[PDB]
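What follows is a set of notes on a single structure, which appears directly below.
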Amino acid sequence: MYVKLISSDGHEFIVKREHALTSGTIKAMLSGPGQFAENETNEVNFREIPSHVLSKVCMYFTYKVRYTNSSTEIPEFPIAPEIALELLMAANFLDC
Amino acid sequence: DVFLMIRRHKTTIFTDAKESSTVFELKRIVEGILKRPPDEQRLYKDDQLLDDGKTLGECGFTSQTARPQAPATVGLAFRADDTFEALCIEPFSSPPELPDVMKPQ
Amino acid sequence: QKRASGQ
Amino acid sequence: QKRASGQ
Amino acid sequence: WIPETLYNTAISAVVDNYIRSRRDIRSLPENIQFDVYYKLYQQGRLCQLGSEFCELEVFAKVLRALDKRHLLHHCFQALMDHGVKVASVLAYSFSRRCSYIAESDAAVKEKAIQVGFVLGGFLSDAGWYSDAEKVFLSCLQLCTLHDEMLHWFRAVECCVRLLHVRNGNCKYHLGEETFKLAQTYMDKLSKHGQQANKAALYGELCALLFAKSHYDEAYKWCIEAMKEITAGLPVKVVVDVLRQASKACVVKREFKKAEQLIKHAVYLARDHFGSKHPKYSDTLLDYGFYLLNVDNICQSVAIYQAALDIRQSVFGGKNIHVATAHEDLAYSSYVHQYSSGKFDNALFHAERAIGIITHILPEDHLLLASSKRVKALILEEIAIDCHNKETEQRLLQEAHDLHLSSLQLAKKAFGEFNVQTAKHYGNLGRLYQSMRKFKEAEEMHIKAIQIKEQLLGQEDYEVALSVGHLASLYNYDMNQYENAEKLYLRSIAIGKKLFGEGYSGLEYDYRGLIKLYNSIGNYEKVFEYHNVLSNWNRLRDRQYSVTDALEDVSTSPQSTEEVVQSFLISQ
Amino acid sequence: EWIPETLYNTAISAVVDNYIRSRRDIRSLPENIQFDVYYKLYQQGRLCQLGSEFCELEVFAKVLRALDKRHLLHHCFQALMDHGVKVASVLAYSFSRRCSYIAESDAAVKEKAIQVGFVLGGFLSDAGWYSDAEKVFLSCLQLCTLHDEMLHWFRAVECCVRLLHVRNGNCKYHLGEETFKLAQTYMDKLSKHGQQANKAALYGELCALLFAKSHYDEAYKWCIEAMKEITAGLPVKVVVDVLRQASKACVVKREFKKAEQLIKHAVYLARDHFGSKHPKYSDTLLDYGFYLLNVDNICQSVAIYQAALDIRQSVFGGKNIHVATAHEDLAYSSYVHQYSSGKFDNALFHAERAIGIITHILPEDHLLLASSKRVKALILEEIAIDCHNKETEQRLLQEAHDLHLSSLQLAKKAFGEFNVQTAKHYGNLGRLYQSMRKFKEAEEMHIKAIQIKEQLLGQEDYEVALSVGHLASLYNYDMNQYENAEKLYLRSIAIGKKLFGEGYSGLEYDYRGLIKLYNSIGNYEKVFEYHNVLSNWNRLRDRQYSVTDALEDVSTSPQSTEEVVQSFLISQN
Ligand SMILES: [Zn+2]
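Residue numbers (the entry's author numbering), protein chains in the order written: chain D, 17 to 112; chain C, 2 to 106; chain S, -5 to 1; chain F, -5 to 1; chain A, 8 to 578; chain B, 7 to 579.
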């Protein structure tokens, strides 16, 4: 129930599988030949996504999954101005 | 409910623990992730051993400073064979430093 | 009216 | 006039 | 509450950092750049968006997102309401690019024409025909500088669109020249043994000749256009040809074929495009034209309001496509709510039509004549239905100057002997009838009748309507019942031949003859026309049980080849 | 004389004409230079080039530091909002977004953000964008409620003082009491550490809140508290605000002798420190006109509002809520002044301008319409009566009925069924139904107004007096009830002569109706003595037509601060 979102640098962002299927592209990568359970966690390679943005992506996964169907007013996801453009292209590619 | 980033060398475990849960459960949750016993690992909140007895709320992991938007990191070492190693937590990357338009140039 | 509608 | 100014 | 997507949060973060990443957005994928610019529109930053959309390099990449084009049409228009002249700036930029690359190979010219075609299609779909005509003129010059097969095809496809932007811009004198250029290029194409389909061009020429009120030639080119519809044409081409064919059939008094043509056009538009598309709104507008001209006015208001609500959604305020929807809905609400006297919604729409056309088009433009005419018709009926003689004079004088301006525009553009200037003559005659100036009213109605019977045969609907108006002038005002009776009989005969006994325009002739004979005698004639009017009222009440016209269109009634084949078999 | 232009202004024009190729380098200019380039951009009509640089928060922060040329910045900002770009909401959202990121940052960055938020929220509240200044002040409060330190309580109570001003003006009265309670909690937290913040501004804002909800009994107590809290070290703006709110609370409890001193001192202070062309001076002028209109000095009140509006049309621009409030205040004053003359040409023009602005900048379900609309719904009524036509009369009365129903619905939704504003709307509806010849409905509406207003205000209050005057006019002229009209006319006359003396203007509208009553019922001795009374009233009315302009009636240094305040405080015993 854990997946290892390896970034381009080599950082192995081990996030829960329920969180990773928030993004459509990761759900597609974990389907087909990519669902082969190598080790216990499925190593997803992201050779085009750096670590400083994949960390924000995983934080968004654990934020949306926790804050889904929230009764209280939901706080906005904090995206720094220097990361915003690179996290924009990572949000489109990952379809999250 | 507290959210953490258990980074050791380059891995970054994105886990969620109860505020009242102790550090021993935080070490035991890595058993299902990296499959190494909690005896041979110790955590690190910015050069601070996190012993099994004390709870997460005692060692500063309040839910205000470790919210899901920006979870609080915690180090880790796996004792190698018998002696623990230093925190080799590598920084993620340097995002492209956008120039300040108000900077005189 | 006295006449039809306009055209 | 009959009545005062409108309040 | 639900968490907003990382895509939208990142767009909000990129837009907020806009000054620091203004040029870095232009390196984004084309599906992210438009979302960022739409966020600029949503946030209210219309100035930054207008600065970006005024550059052809940025706007070309925005035009490549065809999914959210309905979102672009409401952004661009907002910019044109913001005061920034984005359409003319983009047309000028494209003309400058074409003038710069005139000395190059045939590889980059083909790239610029394809960018030119999408830009011109956007500028003519948004209603900026005077600004799309420059883009298409530049594209035509590029296709003219060389004479190969593909450039001949592109020149024909560009003169098809140049004819369209010179029809909606009321440049009917250049439309013949554009069609001649297209015909020359098509003849040169067929000389080499490669034939280009002529459905779209002949449909545009049908719209041209109908707008000039050349209904015989309009129907001839209607038949010629429907003779060139295949199964491989784009749905837009088939829809346009169906619309103009239905309009030509309506003005040729052939409602039996116009009904199937326009209902199939509406079905095709609602199927392929959707219920909130500008082309579907155009089909609804022509369908409302059909319904208004077949004595089915009550449904037409339900169609024009449907057509307008689509055009106010995709485009927004201060657009000629919304202005045409307003000036058509205002006339249909005027006709529907004529005997009721409730010209409150009708005038509100006619006020917006002039209020939009005056802003976006010059004072000497023909499209302002039709919007002035409708508001002058509404103001006249508000004048005679009120009690203040000061109002009865002020509104009548306003309608008088509006009618004179419309008549001057129509006379300058078309001529002295056209149908659309005879309609203004008839409206001026009605106005003079209301305004207690009868010597000029008789002259105006005589001119309108003479022009509309010299042109539109002897037993047309328009000449019958003007004959009825002159007969009401003779009957109720001049007391020359000998001529008024003859004109009433002519109008009744033509209305019965065209619309049958259930014609709603026969009441103003039956009551006219009743008053005519009450004035002179023959109470047997009074009784016979009274029971004829009673039978007419009974038949109208029987026929009044109508349904919604969109449901009358239904879903998948016919097929594309079936309707065209039936029309051609029925000549 | 043709003096050549300064090299500064000549190079400014050369920089603007070369704006596109030197846009980035302009942001790296001194604040005084950088503002002048943008003001030249506005002057040249290049709003889109100017508006694309005022949308950024940091670029707009430097032009906000030019405190000297703030009257030009307000005019540029109002031009931008009329242009179409929503810079007020864009700047507020940009501040909130860039503010939520540095919540955990150091004290220097948070201090800089708090200062930027104060200047931006003060600008947006001065410009009238209360819905947009609230978000800036909410974000400032969110910064302040992070570290429970010493200065953070002071900055948070300042934030909550500024939130009342942007919530009273935005008609968010339900959140106003909550904001005041939060501010009072933070003042208690300060008092637990042996430090007392100055509570004059907060109590003045609460007085504005309670006057807005028509809680004059509580508003007077809280303005007394605010005036007790005024010290010598207060800023001029704060003491001016407290003084004018205390005047508005004193004039509505009909303490005219104290209200005149408070508002004349407020006008004097506003004209000294701020000048004759300042937004705060215009606010004091509006409150002075409110005083003058409430004390039967209507002819001077019209000129005071005309002076108040002309400042707001110069400092601000077109579609602004401050210009709209000046219009709707001047429209009502011109209405009441020209009620007898019947020349409702300027009053209708000003009431139409107010609705034409509020509808454009505020939602249709907003409370600030309920004022403007009803003002028009008064004038449209009096034009309907003056018009000899029946069709135009019917149309105008129907339009006024729709406007009065809308205003009454807004007041009922905002305050409730038992508010004084709802009573005013019921009285206006009663007058209208009297004009609409619906006499039963007019009687029911006037009875409802009396029942609502009698318990809320005093038994012999001025508003009750004018409303029983309206009901007596209905009973006398229309319903031919000749005893209830008599007793209500006597009540109105007694209250008018008790409050304003023999110079009250409603006395003639009561005496003429009562003379008509007695001519309908007899007792010609009463008719003769009331003709004598009316002649005496006319004599005193023409004697009191001095109408000296109230702008110079405040004089130059008649008294000083903590002397008018001290006199008002000692007079309370
Ligand atoms: Zn602009």
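By construction, the Cβ of each residue, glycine as well, lies at the ideal position given by its N, Cα and C atoms.
- For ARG27 (chain A), the chain C residues whose Cβ falls inside 9 Å of its Cβ are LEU99, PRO100, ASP101 and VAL102, in order along the chain.
- Between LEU21 (chain D) and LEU13 (chain A), the CB-CB gap reaches or exceeds 9 Å.
- The residue among A:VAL96, A:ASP467, A:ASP293 and A:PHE160 with its C-alpha nearest the C-alpha of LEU147 (chain A) is A:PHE160.
- A direct Cα-Cα distance of roughly 27 Å separates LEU78 (chain B) from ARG27 (chain A).
- Selection around ligand 1 by beta-carbon proximity, strictly under 7 Å to any non-hydrogen atom, yields A:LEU53, A:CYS54, A:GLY57, A:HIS89, A:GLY90, A:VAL91, B:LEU53, B:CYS54, B:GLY57, B:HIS89, B:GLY90 and B:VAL91 in chain order.
- For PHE15 (chain C), no alpha helix (DSSP H) segment is defined; the enclosing uninterrupted segment is the beta strand (DSSP E) at 13 to 18.
- Below the 7 Å Cβ cutoff, chain A contributes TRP8 as neighbours of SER86 (chain D), in chain order.
- For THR237 (chain A), there is no enclosing beta strand (DSSP E), since its DSSP letter is neither H nor E.
- Look at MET6 (chain C) here: in three-state DSSP terms it is strand.
- Residue pairing from DSSP places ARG43 (chain C) in a beta bridge opposite C:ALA78.
- Residue burial is scored here from C-beta neighbours: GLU28 (chain D) has at least 16 other C-beta atoms within 10 angstroms and is therefore classed as buried.
- Here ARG547 (chain B) has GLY509 as same chain residues with Cβ atoms under 7 Å from its own Cβ, once five neighbours each way along the sequence are excluded.
- If you check the CB distance, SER511 (chain B) and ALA471 (chain B) do not come in under 9 Å.
- With its beta carbon less than 9 Å from one in chain C, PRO94 (chain D) belongs to the interface.
- Contact annotation for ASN395 (chain A) against chain B: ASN395, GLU397 and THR398 [CB-CB distance below 8 Å, chain order].
- Pairing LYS43 (chain D) with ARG71 (chain A), the inter-Cα distance amounts to about 28 Å.
- Of the candidates A:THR331, A:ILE521 and A:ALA353, the residue whose Cα lies closest to the Cα of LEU292 (chain A) is A:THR331.
- Between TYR341 (chain A) and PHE350 (chain A), the beta carbon gap of about 6 Å places them in contact (Cβ cut-off 8 Å).
- Residue-level contact by beta carbon holds for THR66 (chain C) and chain B, with a gap shorter than 9 Å.
- Apart from the 5 residues on each side of it in sequence, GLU388 (chain A) sits with its Cβ closer than 8 Å to the Cβ of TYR341, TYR345, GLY348 and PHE350 in its chain, given in chain order.
- With fewer than 16 other Cβ atoms inside 10 Å of its own Cβ, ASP278 (chain B) counts as exposed.
- Excluding five sequence positions before and after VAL308 (chain B), the CB atoms of its chain that fall closer than 6 Å to its own CB belong to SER339, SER340 and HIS343, given in chain order.
- According to DSSP, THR56 (chain C) shares a beta bridge with C:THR23.
- Beta-bridge analysis with DSSP links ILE22 (chain D) to D:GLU28 and D:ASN61.
- Interface annotation for the stretch 30 to 47 of chain C against chain D: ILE34, criterion Cβ-Cβ distance under 7 Å.
- Counting of Cβ neighbours within 10 angstroms places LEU169 (chain B) among the buried residues, the total reaching 16 or more.
- The three-state secondary structure of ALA53 (chain D), taken from DSSP, is coil.
- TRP135 (chain A) sits buried, since 16 or more C-beta atoms from the chains shown fall within 10 Å of its C-beta.
- If you draw a 10 Å sphere on the C-beta of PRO72 (chain C), you find 16 or more other C-beta atoms in it, and that means buried.
- Residue nearest to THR428 (chain B) within the set B:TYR311, B:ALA114 and B:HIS452 is B:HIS452 (criterion: CA-CA distance).
- Within a 10 Å sphere around the beta-carbon of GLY281 (chain B) sit fewer than 16 other beta-carbons, which makes this residue exposed.
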